[PDB]
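[1] What shape does this take:
(chains A, B, C, D, E, F, G, H and I)
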Amino acid sequence: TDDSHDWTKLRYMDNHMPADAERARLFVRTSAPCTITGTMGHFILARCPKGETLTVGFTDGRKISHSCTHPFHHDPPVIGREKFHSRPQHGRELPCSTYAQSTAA
Amino acid sequence: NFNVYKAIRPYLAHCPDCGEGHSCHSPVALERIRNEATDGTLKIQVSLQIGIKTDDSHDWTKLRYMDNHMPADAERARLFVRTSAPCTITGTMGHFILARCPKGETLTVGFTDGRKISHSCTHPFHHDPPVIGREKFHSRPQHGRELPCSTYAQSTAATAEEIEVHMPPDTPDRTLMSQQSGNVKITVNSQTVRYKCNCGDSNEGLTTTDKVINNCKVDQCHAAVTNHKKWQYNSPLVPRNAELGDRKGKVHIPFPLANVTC
Amino acid sequence: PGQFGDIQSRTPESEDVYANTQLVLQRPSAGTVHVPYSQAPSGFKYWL
Amino acid sequence: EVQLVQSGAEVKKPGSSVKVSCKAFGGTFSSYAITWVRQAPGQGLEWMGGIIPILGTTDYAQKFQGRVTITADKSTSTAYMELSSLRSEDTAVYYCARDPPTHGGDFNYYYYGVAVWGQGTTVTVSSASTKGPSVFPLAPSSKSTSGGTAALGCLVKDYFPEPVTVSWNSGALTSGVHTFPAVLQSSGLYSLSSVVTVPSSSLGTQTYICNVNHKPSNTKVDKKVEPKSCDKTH
Amino acid sequence: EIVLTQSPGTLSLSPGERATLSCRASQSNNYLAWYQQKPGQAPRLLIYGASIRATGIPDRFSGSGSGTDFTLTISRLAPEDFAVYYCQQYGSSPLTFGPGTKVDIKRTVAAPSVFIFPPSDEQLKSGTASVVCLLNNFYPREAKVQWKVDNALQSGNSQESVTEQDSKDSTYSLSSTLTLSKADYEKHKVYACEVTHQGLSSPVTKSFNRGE
Amino acid sequence: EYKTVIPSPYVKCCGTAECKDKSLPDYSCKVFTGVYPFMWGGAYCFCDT
Amino acid sequence: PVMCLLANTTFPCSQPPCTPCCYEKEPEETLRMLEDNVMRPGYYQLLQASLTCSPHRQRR
Amino acid sequence: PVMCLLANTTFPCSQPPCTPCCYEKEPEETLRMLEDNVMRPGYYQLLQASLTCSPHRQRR
Amino acid sequence: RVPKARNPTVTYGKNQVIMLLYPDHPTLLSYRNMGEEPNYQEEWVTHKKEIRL
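    Numbers count the residues shown, from 1 in each chain, chains lettered A, B, ... in the order given. Shown next is the structure:
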């Protein structure tokens, strides 16, 4: 709320006043919990399992848990010729595209 | 023998997917997953050691990971294993975890590190249990018949299931060496070092105290910790100590495959 | 390989094994210590 | 901009628990990704693992939590370590004066910015009693210096603690003095030296002297200078 | 993994020249950045990389690289540009700091400078039979000390240490001492302080006698 | 259920290993050339060829 | 060339006439410098100045 | 029955040839004891006597 | 990084290859003639299967 850049914190609008809450209690889930992989200001990166819905949520300072849910059909496209589920030890490199984790302008 | 774990310690190993999509060296690498229990129970082998701690003693509230050179303690209360969704762990002793798992095409195992980081390792793994009988049911009913199946029994016994142990390979570390201008010094944080150079160095070898190698350029210097007084599982995905193999030893892996009704 | 009987032994406790899994070792991926291998999956687990 | 501030050096005994000081400013007025790096003399740099970006939870890297068993403060700009039960091998410059160090495993990531650096406090793990600067050589007896056209120097040995204050000929030659090396040794005692680089033709006009001062002993050094290859010594 | 390998371990240049430093790693993905240390001086940021770049000193630096390795170059070396130069990419999973490259602007070079002082004569009970060394001004560095006591070779009980450089001159240095008891400084008279540097192989030598 | 048994790979720095051939139920071994494996804290081998 | 305006007077986009600490010396007025022009390329440098502050410790 | 061996010597398995708490005293014992010796039917009891040693801190 | 499906167990016949396929996950099989008409065909295979081409 004081505009200091504390990584462990986030701020939300309590009626008319910005108010603080803990970063460690932010979550995003679809069919099951997503790995967050970067955040800053209004934005979150996440790696999510396949699912027909998305919700983001956080625990308030006053211990109450807020969430928001949108319908969002997530089913990421195949790379290459196999419908695999997590990267193997052994394989081939193929070209794809990624949101880079750096908060650069 | 159950208290073999005085002799052998956890390790880092190369995990394919540390939860964020990148491969890296992980305290939690899972070396084998096995699914021979027809009841759908799952036995998982991991580079942690659980049910023990540093100051080598059994403790069901703790596990030890390898904090790069030193084994280090963390709480069993924050171990997890999940597949498509959270598994319930049904037994943990040594390198071995039992879990009961929902159907899923991945296995990810993980824990919370003493410095409050969360670590995990994720493998592609098609967990789809065989059906017992003639109905693809999902959880056991309060009324039914009993059919023969098999289970990893929840006993940490002398199973006659055996895994071999070997001493580590020499563990390399770039921070064992510093360029003092014109020379490099080997430095010894109380683990004995092997070192080698080609800067005209006639005297490559071993030390248990800091040493200077004359004229040396840090690019042409190499060093690794060498007198390991603890052993490891001889996994793939860590180097062998020598071409001949190594001097061995064994561990009896817990949880034997009993036949039982479901 | 990978059909029923790709591993055979004369009794449960026998030390003899015949196996034909076509295990083929593969080059390790650059900058890593693993052993990758290709093999026909267990022909008994398929049969079950 | 961001700016960092620390205490100059800490005189500490081994086996103690010690605060190590910081405050941060310069365009922030409050916390922003503060972290530490620590370097023992003759080593390369090493990020002080107990302190990656600790501004709401205390860190460790992989390794650490040996004798470097440590916690670090989150509070407004005031990123103090408490380095606990330290040993002689932990004698180092502790650079708190360091840039946003983007972490990982921990799932969030940081800006590149303007960055920040600065001083690093010397935690001087020591137990030596205080001792004067040139009580080993130049205060009690003699000096001679066997040749070269500007090969003239002065000596200070087996002393504790720093800082010594030094000058040549009442400060008059400070235009041609070069301020020259010092060390802290494995004995827990310091050593220091100084030179004048003025050549034969322009030192030869002087009947010449040099001096040293040290408050932790309450002593003064003086000796007369007499070269072997100056213009006055042909 | 990754293991940041700075390719040049050490370099030397005239002022007016351009330096370039290179670093090799197995993958990069987030900004590794460049910082330097003159002996006893505070660091500062040179440059950031991996895809974007930003640089902290009013521009005479530039940095680039992809597909293999990552680099920093300094346009026209001139003043106090002597340092060890490092690159790094912070904590996370286990991965370590860069090893550093020494570079400097060239001296008006000469053969090794050496010191040959008496200790003190009154108080030999304190150990002032011991003879003290300081070395300066040599180039490049392999300046190991050699000693003689009354024209006999000695190497033992030596107070080995590393000094900071010649400051304004910025040439290399060391200091040490032969630790000796009492009586031999009173029986006898003579010493030599000597330097077996690679630039000469056979040493530079200084000597004195207790008669002066 | 077969078990595929795989000991730690032998990696030799600065020279060729060779196949220590033996009779085991479906034994195979292979020597892969020009490896440069990394442990957690450094390269395992001295050279990269 | 490129330039920025104080709703009337015009200047090069290295800083607004209010100088650093701008959002703390002309609060919210600082943002109207970006209202009635942001289409010229220089305006991210006016933003860089407008939201940078110079407390007593700063010394580059 | 059958028994264990070590270098020049043959001896019964269930107490060490080195003094008890032998792994705590000389932890590299396995690097002499277990080159090819893993084939011994007594190795399980040699291991139990070596590590779960019933050391001088315990009682029976 | 993407996986490579493991080698099939192939065997031959008069103008045929017979391949036994072992997918760990849905895997595309494609084939074409190397002649003037490629007669391109494909399928995702999701379980162990024998193909005759």
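[2] and residue C:38, what are its phi and psi?
    Backbone geometry at residue C:38, expressed as degrees, to the nearest 10, gives phi -110, psi 140.
[3] residues in contact with it?
    Residue C:38 makes contacts with C:22, C:23, C:24, C:26, I:6, I:7, as judged by Cβ atoms under 8 Å, 6 or more residues apart in numbering or on different chains. Heads up, the C-betas are built off the backbone N, CA and C, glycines and all.
[4] what sits against the second one?
    Read that as residue C:23. Residue C:23 sits next to C:37, C:38, C:39, F:4, F:26, F:28 when contact means Cβ under 8 Å, 6+ apart.
[5] Check the first one too.
    Under the criterion of Cβ under 8 Å, 6+ apart, the neighbours of residue C:22 are C:1, C:38, C:39, C:40, I:7, I:9.
[6] out of these, who has the most neighbours?
    Note: the member of these with the most neighbours is residue C:40, at 23 neighbours, neighbours being other Cβ atoms under 10 Å in any protein chain shown.
[7] ok, it to residue C:23 distance?
    Distance of residue C:40 to residue C:23, given as Cβ to Cβ, to the nearest Å: 8 Å.
[8] can you give me the strands for the chain?
    The chain I'm using is chain A. Taking DSSP state E as the criterion, chain A carries its strands at A:9-14, A:17-22, A:27-29, A:35-40, A:43-47, A:51-59, A:65-74.
[9] wrong chain, I was asking about chain I
    Using DSSP E, strands in chain I cover I:9-13, I:16-21, I:27-31, I:41-45, I:49-52.
[10] Those strands: which one's closest to chain H?
    strand I:9-13 (35.7 Å; Cβ to the nearest Cβ).
[11] Just give me how far that closest one sits from the chain centre.
    Distance of strand I:9-13 from its chain centroid, counting by Cα atoms, centre = their mean, to the nearest Å, is 11 Å.
[12] can it be found next to chain C?
    Yes. Using Cβ under 8 Å from any Cβ of the partner chain, we find that strand I:9-13 touches chain C at residue I:9.
[13] That strand packs against which elements?
    Judged by 3 or more Cβ pairs under 8 Å, 6 or more residues apart in numbering or on different chains; DSSP states H and E, strand I:9-13 is in contact with strand I:16-21.
[14] hmm, back to that, what's the most distant pair in the contacts of residue C:38?
    C:22 and C:26 (12.6 Å; Cβ to Cβ).
[15] From the opening residue of stretch E:160-169 to its closing one, how far?
    One end of stretch E:160-169 sits 23 Å from the other (Cα to Cα, to the nearest Å).
[16] tell me which residues in it are buried?
    E:161, E:162, E:163, E:165, E:166, E:169 (16 or more other Cβ atoms under 10 Å in any protein chain shown).
[17] First-to-last residue distance for stretch C:22-40?
    End residues of stretch C:22-40 are separated by 6 Å (Cα to Cα).
[18] list the buried ones in that stretch?
    C:22-23, C:25-26, C:28-29, C:31-40.
[19] Just give the nearest non-adjacent residue to residue D:29, would you?
    residue G:55 (5.9 Å; Cβ to Cβ, 6 or more residues apart in numbering or on different chains).
[20] Quick check: the gap between that neighbour and residue B:109.
    Counting by Cβ to Cβ, the gap from residue G:55 to residue B:109 is 48 Å.
[21] Skip the chain neighbours and tell me the closest residue to the residue in chain A that chain H sits nearest to.
    Residue nearest to chain H within chain A: residue A:89 (29.2 Å; Cβ to the nearest Cβ). The shortest distance from residue A:89 to any non-neighbouring residue, by Cβ to Cβ, 6+ apart, is to residue B:16 (4.7 Å).
[22] What is the neighbour count of that neighbour?
    Using other Cβ under 10 Å, the number of residues around residue B:16 comes to 24.
[23] Which residue would be the closest one in chain A to chain D?
    As assessed by Cβ to the nearest Cβ, chain D sits closest to residue A:8 within chain A, at 2.8 Å.
[24] can you tell me which residues contact that residue?
    Residues near residue A:8 by Cβ under 8 Å, 6+ apart: A:22, A:23, A:24, D:55, D:56, D:57, D:74.
[25] That one and residue A:39: what is the separation?
    Counting by Cβ to Cβ, the gap from residue A:8 to residue A:39 is 12 Å.
[26] Give the residues shared as contacts by those two.
    residue A:23.
[27] Please identify the helix or strand for residue D:154.
    Counting by DSSP states H and E, the element that carries residue D:154 is strand D:152-159.
[28] List of residues touching that strand?
    Contacts of strand D:152-159 (Cβ under 8 Å, 6+ apart): D:131-138, D:143, D:145, D:164, D:166, D:168, D:180, D:187, D:189-196, D:203, D:210, D:212, D:214, D:217, D:221, D:223, D:225, D:227, D:230, E:115, E:117, E:132, E:134, E:177.
[29] same thing but 7 Å
    Residues from elsewhere that reach strand D:152-159 (Cβ atoms under 7 Å, 6 or more residues apart in numbering or on different chains): D:131-134, D:136-138, D:145, D:164, D:189-196, D:210, D:212, D:214, D:225, D:227, E:115, E:117, E:132.
[30] cool, and stretch G:53-60?
    By Cβ under 7 Å, 6+ apart, stretch G:53-60 touches D:1, D:3, D:25, D:26, D:27, D:29, G:20, G:21, G:24.
[31] buried set for it?
    For stretch G:53-60, burial by neighbour count (16+ other Cβ under 10 Å) applies to G:53, G:57.
[32] what's near enough to touch the most centrally placed residue in chain C?
    Nearest to the geometric centre of chain C sits residue C:21, at 4.1 Å (Cα atoms, centre = their mean). Contacts here follow Cβ under 7 Å, 6+ apart; on that basis residue C:21 touches C:1, C:6, C:39, C:40, F:2, F:26.
[33] Mind putting the residues you listed into TSV with distance to residue D:159?
    Formatted as TSV, the contacts of residue C:21 follow (distance: Cβ to Cβ, whole Å):
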residue	distance to residue D:159
C:1	80
C:6	81
C:39	72
C:40	78
F:2	75
F:26	75
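[34] Stretch I:21-40 close to chain B?
    Yes. Under the criterion of Cβ under 7 Å from any Cβ of the partner chain, chain B is reached by stretch I:21-40 at I:24, I:25.
[35] So which bits of that stretch are buried?
    Buried, per 16+ other Cβ under 10 Å, within stretch I:21-40: I:21, I:22, I:23, I:24, I:27, I:29.
[36] Likewise for stretch E:182-199?
    Judged by neighbour count using 16+ other Cβ under 10 Å, the buried positions of stretch E:182-199 are E:185, E:191, E:192, E:193, E:194, E:195, E:197.
[37] Is the fifth one bridged to anything, and to what?
    Read it as residue E:194. Using DSSP bridges, the bridge partners assigned to residue E:194 are residue E:146, residue E:205.
[38] Contacts only, for it.
    E:145, E:146, E:147, E:203, E:204, E:205.
[39] at 10 Å instead, please
    E:112, E:114, E:116, E:133, E:144-148, E:153, E:202-207 (Cβ atoms under 10 Å, 6 or more residues apart in numbering or on different chains).
[40] Repeat that for the last one.
    With contact set as Cβ under 10 Å, 6+ apart, residue E:197 has these partners: B:182, E:111-112, E:135, E:138-144, E:172, E:203-204.
[41] The residue nearest the centre of chain D: what's its closest spatial neighbour, skipping adjacent residues?
    When Cα atoms, centre = their mean is applied to chain D, the residue found nearest the centroid is residue D:122 (5.9 Å). Nearest in space to residue D:122, with sequence neighbours left out and distances taken as Cβ to Cβ, 6+ apart, is residue D:9 at 4.1 Å.
[42] thinking the one you found is in contact with residue D:125, fair?
    No. Contact criterion Cβ atoms under 10 Å: residue D:9 and residue D:125 do not qualify, at 11.3 Å.
[43] neighbour-wise, which of the two wins?
    Each of residue D:9 and residue D:125 has its neighbours counted (other Cβ under 10 Å); residue D:125 has more, 21 against 16.
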